[PDB]
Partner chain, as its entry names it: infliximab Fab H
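What follows is a single chain, given as structure tokens, in the form solved without the partner chain.
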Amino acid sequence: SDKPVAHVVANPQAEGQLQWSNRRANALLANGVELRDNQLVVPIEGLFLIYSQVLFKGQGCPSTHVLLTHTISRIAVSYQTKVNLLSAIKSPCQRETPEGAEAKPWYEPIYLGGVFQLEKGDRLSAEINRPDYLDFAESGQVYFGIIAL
């Protein structure tokens, strides 16, 4: 069809980073949607359904409570200011307390999605503050995409 669409996943070969990639199974990047500088570029003006999921993994809560963030930013015009379209935070560890067991693995998914008005050339970014907790070793766990509506 002619509808600009994109659904990229995190390249499981990009150890320690969130590399969006469409060279994988069940991924899309068609009709003007481009992947430029790890961001998606909007080919036309209009409404788009934007979304994303990232899966976090760690184990045990080794001091320093981690705040997990996930945002889809918009950089209008042709590299203007970065503004968050969708944003969600999570804390995987509350405790960490002395004496006892340890290393109980934890998993924390985050999903963001919304309908927005985008101008030609705008750039979308799906970002995270903790690429070191990123769990992309298996499929469907981390993804980002948009569809013109």
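Numbering follows the first chain given and starts at 1.
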Mind pulling up the entry and telling me whether 34-42 or 59-67 has the higher mean Cα temperature factor?
-> 59-67
Between the two ranges 130-138 and 6-14, the one averaging a larger CA B factor in the entry | 6-14
If you check the C-alpha B-factor for each of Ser52, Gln94, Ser87, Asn26 in the entry, which is highest?
-> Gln94
Of the residues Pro109, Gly121, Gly113, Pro105, the one whose Cα carries the largest B-factor in the deposited record is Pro105
Record-listed C-alpha B factor of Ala101: chain third = highest
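Not pictured, yet referred to below: the form solved in complex with the partner chain.
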Out of 4-19, which residues reach within 4.5 Å of the partner chain in the deposited bound form, heavy atoms considered?
-> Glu15, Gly16
